Amino acid sequence: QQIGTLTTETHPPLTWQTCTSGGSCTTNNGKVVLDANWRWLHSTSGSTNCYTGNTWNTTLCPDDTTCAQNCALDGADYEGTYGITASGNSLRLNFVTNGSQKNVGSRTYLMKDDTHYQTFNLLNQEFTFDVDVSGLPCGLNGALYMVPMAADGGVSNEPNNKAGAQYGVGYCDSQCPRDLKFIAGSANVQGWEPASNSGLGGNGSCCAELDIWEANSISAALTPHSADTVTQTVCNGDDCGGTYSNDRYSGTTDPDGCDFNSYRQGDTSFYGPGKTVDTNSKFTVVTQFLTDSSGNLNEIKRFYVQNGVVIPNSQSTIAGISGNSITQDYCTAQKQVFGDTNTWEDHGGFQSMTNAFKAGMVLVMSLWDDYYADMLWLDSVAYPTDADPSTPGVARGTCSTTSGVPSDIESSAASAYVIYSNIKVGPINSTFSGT
Ligand SMILES: OC[C@H]1O[C@@H](O[C@H]2[C@H](O)[C@@H](O)[C@H](O)O[C@@H]2CO)[C@H](O)[C@@H](O)[C@@H]1O
Ligand SMILES: *[C@@H]1O[C@H](CO)[C@@H](O)[C@H](O)[C@H]1NC(C)=O
Ligand SMILES: *[C@@H]1O[C@H](CO)[C@@H](O)[C@H](O)[C@H]1NC(C)=O
Ligand SMILES: *[C@H]1O[C@H](CO)[C@@H](O)[C@H](O)[C@@H]1O
Ligand SMILES: [Mg+2]
Ligand SMILES: [Mg+2]
């Protein structure tokens, strides 16, 4: 994609902290950038749309390459159009914004400078942030996560990609998404078809994915996802696997991940409104990436801090699945007991995530509803909706099986929002303390 020049692109500021072993921290003045899919895409010679609604202009975009040559991503009105406001240490994303057009959700990335994403290798480190999820009902997901996107947005070896990180180009994840308009410096117009549960193009954008945080006020999940190749690869149609494929597990990535949702793991009193981690108020989320003696990831721990109290992650209470952290033993046990295919292990598990960190992870902060499964996998009394909650792994939250339909919640929860704040990174136990 080209650089549009009709609207200035100014990245809102967001500062975050790097901490020493002793708990002393210094500030980094970063910025955030909106993902390219949300932007205006128009001709390089004027305001004619290359895409709008869910269809492409086939004169400007007769194939993937010509489309990339002809089409420019332009600047974003962060607050006015997308309901994104970044001030000091805080980033707020609103669910619905009624500007000239209705906008739903957003996906943003943390930048190092105006043309490069910040990258993170968190091995032997922890990532910590504060979050307000009190305004997120059933069906919404305030996600904070990491994917090994190219730091420059792909520009270095993609001749038709001038827009790059500056315009939020380069996304990939463990679902191998085919709804992306641009992938690896080409458009995705070839094979494009409108789809109600997303449109979808001929190709998808695959990579490993570390879902540090996927949550609303009801349920939360922590989920690493492996991949054969940890950085971006391009897949072809149904061979992609993932959410938009006829065989979900036929691709090169792990679309399910090794998840820890306290409720799914049998503790229904731990996370939620009025619960131990009380989602009616702000709290701190600490995620630690522990290694073996060879420097390979072998454990992900989680702590919360609320009201100055340090709260360890809840124990899994499911018979056959013990502990309160993500480890080799936990993942093997959980997939066996829940009867879920262990694509996590198949695509390299902890070694894959180790290599993803070594490649360098970009921080993603998003707010979304789920046109595929209504977020039921996160927060439903049963997923799939016809399964027995008596079966371990079926229940994930307290939301009804009819909850989270986009057309419903985009009206009924239009005021929903999430706030991420006070991001801190450093050695183990450097970013938090309390009773
Ligand atoms: O694609 C939707 C959603 O799937 C999540 O994996 C689910 C999986 O769909 C289900 O079959 C299994 O029983 O539970 C897992 C964990 O909830 C995946 O973790 C998400 O990233 C993804 O958005
Ligand atoms: C598609 O783009 C061409 C070339 O700019 C333009 O002439 C035409 O009006 C566009 N089509 C639509 C439906 O906007
Ligand atoms: C970090 O703090 C946790 C919680 O108190 C503790 O279990 C762990 O031993 C500590 N690790 C280090 C390296 O201090
Ligand atoms: C479009 O169709 C899909 C099924 O193909 C539905 O899930 C969605 O609600 C919409 O009607
Ligand atoms: Mg293509
Ligand atoms: Mg509440």
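In what follows, every heavy atom counts, from backbone to side chain, and hydrogens, waters and symmetry copies are set aside. Position 1 is the first residue of the sequence, and the numbers go up from there.
- With hydrogens and angles disregarded, a donor-acceptor distance shorter than 3.5 Å links the side chain of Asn188 to the backbone of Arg178.
- Side chains of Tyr249 and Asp247: no donor on one and acceptor on the other come within 3.5 Å.
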query: Is there a disulfide bond (SG atoms under 2.5 Å apart) between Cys240 and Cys235 once you walk through the steps?
result: CA-CA 5 Å; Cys240 286; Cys235 58; 2.0 Å; yes

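- Within a 6.0 Å radius of CD in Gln336, no more than 12 heavy atoms belonging to other residues, nucleotides or ligands are found.
- Between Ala416 and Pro137, the shortest heavy-atom contact is CB-CD, 4.0 Å.
- Salt-bridge formation is detected for the pair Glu9/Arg39: a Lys NZ or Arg NE/NH1/NH2 atom is positioned less than 4.0 Å from an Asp or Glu carboxylate oxygen.
- Across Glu214 and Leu378, no two heavy atoms sit closer than the pair O-CD1, 3.5 Å.
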- prompt: Going through the checks in order, is the side-chain contact (heavy atoms from CB on, under 4.5 Å) test met by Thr108 and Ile84?
  reply: CA-CA 9 Å; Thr108 68; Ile84 300 171; 3.8 Å; yes

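- Under 3.5 Å, the side chains of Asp259 and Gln334 contain a donor-acceptor pair of N or O atoms.
- Residues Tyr82 and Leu34 meet the side-chain proximity criterion, which asks for heavy atoms closer than 4.5 Å.
- In this structure, the ring of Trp377 has its center no less than 6.0 angstrom from the ring center of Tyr372.
- One side chain, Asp35 or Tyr109, offers a donor N or O that lies under 3.5 Å from an acceptor on the other.
- Remark: the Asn89 side chain and the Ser421 side chain contain no N/O donor-acceptor pair separated by less than 3.5 Å.
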task: Decide disulfide bond (SG atoms under 2.5 Å apart) for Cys172 and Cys206; before the verdict, give the C-alpha distance in whole Å, the side-chain angles of both, and the deciding distance to 0.1 Å.
output: CA-CA 5 Å; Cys172 58; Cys206 302; over 6 Å; no

- request: Apply ring-ring contact (aromatic ring centres under 6.0 Å, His included) to the pair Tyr420 and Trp16, showing each step before the final yes or no.
  value: CA-CA 11 Å; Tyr420 308 108; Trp16 57 282; over 10 Å; no

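- Put simply, the side chain of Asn103 gets close to the backbone of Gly105: a donor and an acceptor are under 3.5 Å apart.
- At a cut-off of 3.5 Å, with distance as the only test, no side-chain donor of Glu345 or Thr332 sits close to an acceptor on the other residue.
- Between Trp38 and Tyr78, the distance from one ring center to the other does not fall under 6.0 angstrom.
- With respect to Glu410 and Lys102, a salt bridge is recorded, a charged nitrogen being found less than 4.0 Å from a carboxylate O.
- Within the 4.5 Å cutoff, side-chain heavy atoms of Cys331 are placed close to those of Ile326.
- Sulfur-to-sulfur, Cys67 and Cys50 sit at least 2.5 Å apart at their SG atoms.
- Using cut-offs of 30° and 60° on the angle between ring planes, the pair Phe270 and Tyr304 is perpendicular.
- Looking at heavy atoms from C-beta onward, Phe338 lies in side-chain contact with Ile321 at the 4.5 angstrom threshold.
- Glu126 places a side-chain N or O within 3.5 Å of a backbone atom of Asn429 that can act as its donor or acceptor partner.
- Not less than 6.0 angstrom separates the ring centroid of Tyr417 from the ring centroid of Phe95.
- Using a distance-only test at 3.5 Å, with no hydrogens or angles considered, a donor-acceptor pair links the side chain of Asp292 to the main chain of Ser294.
- A distance-only check finds a donor-acceptor pair linking the side chain of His225 to the backbone of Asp254 [under 3.5 Å].
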- request: Check the pair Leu297 / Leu290 against side-chain contact (heavy atoms from CB on, under 4.5 Å), numbers first and verdict last.
  value: CA-CA 6 Å; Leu297 186 74; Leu290 286 68; 5.9 Å; no

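- When side chains are defined from C-beta on, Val155 does not count as touching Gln166, because their heavy atoms never get closer than 4.5 Å.
- A donor-acceptor pair shorter than 3.5 Å cannot be found between the side chains of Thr385 and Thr401.
- With values rounded to the nearest 0.5 angstrom, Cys176 atom SG is found 9.5 Å from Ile183 atom CD1.
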- request: Under the side-chain hydrogen bond (donor to acceptor under 3.5 Å, both in side chains) rule, what do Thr291 and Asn124 come out as? Steps first, then yes or no, please.
  value: CA-CA 6 Å; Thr291 64; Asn124 303 103; 2.8 Å; yes

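- More than 12 heavy atoms of other residues, nucleotides or ligands sit less than 6.0 Å from atom CG of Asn98.
- Summarising the local packing, NZ of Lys112 is surrounded by 12 or fewer heavy atoms from other residues, nucleotides or ligands at distances under 6.0 Å.
- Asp256 and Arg248 are joined by a salt bridge, as a carboxylate oxygen and a charged side-chain nitrogen come within less than 4.0 angstrom of each other.
- Crowding of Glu79 atom CD: a count of heavy atoms from other residues, nucleotides or ligands under 6.0 Å not exceeding 12.
- At least one donor-acceptor pair under 3.5 Å links the side chain of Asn261 to the backbone N or O of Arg396.
- In this structure, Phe182 and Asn37 have side chains that are not in contact, with every pair of non-hydrogen atoms separated by 4.5 Å or more.
- Inter-residue side-chain proximity for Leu222 and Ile300 is flagged as met; some heavy-atom pair is nearer than 4.5 Å.
- Put simply, the side chain of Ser262 reaches to within 4.5 Å of the side chain of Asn313, judged on heavy atoms.
- Going from atom CG of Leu144 over to atom CD1 of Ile212 covers 5.5 Å, rounded to the nearest 0.5 Å.
- Annotation for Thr354 and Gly295: closest pair CG2-O, 4.2 Å, computed over non-hydrogen atoms.
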- request: Run the numbers on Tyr263 and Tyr271 for ring-ring contact (aromatic ring centres under 6.0 Å, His included), then give the verdict.
  value: CA-CA 7 Å; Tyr263 195 109; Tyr271 178 92; over 10 Å; no

message: Please determine whether salt bridge (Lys or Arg N to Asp or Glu O under 4.0 Å) holds for the pair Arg107 and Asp179, giving the CA-CA distance in whole Å, both sets of side-chain angles, and the decisive distance to 0.1 Å.
response: CA-CA 14 Å; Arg107 178 164 68 240; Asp179 77 329; 5.9 Å; no

message: Run the side-chain contact (heavy atoms from CB on, under 4.5 Å) test on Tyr330 and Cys258 for me, step by step, so that the C-alpha distance in whole Å, both residues' side-chain angles and the decisive distance to 0.1 Å come before the verdict.
response: CA-CA 9 Å; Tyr330 169 85; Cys258 178; 3.8 Å; yes

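- A 4.5 Å side-chain heavy-atom check between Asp228 and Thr253 finds every atom pair outside the cut-off.
- The OG1 atom of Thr431 sits 12.0 Å away from the CD1 atom of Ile423 when rounded to the nearest 0.5 Å.
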message: Determine whether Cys71 and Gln2 satisfy the following criterion, side-chain contact (heavy atoms from CB on, under 4.5 Å), listing intermediate values before the conclusion.
response: CA-CA 6 Å; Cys71 298; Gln2 306 307 302; over 6 Å; no

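- Between the side chain of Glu209 and the main chain of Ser174, a donor-acceptor pair closer than 3.5 Å is present.
- Across all non-hydrogen atoms, the minimal contact from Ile218 to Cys138 is CD1-N, 3.4 Å.
- Between the side chain of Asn28 and the backbone N or O of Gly30 there is no donor-acceptor pair closer than 3.5 Å.
- Judged by the 6.0 Å and 45° rule, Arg302 forms no cation-pi pair with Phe260.
- Side-chain atoms of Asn94 never come within 3.5 Å of backbone atoms of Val96 as a donor-acceptor pair (strictly under, hydrogens ignored).
- With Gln17 contributing its side chain and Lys424 its backbone, the two residues share no donor-acceptor pair below 3.5 Å.
- Taking both residues in full, the closest heavy atoms of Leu93 and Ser366 are given as CD1-C, 3.5 Å, listed atom of the first, atom of the second, then distance.
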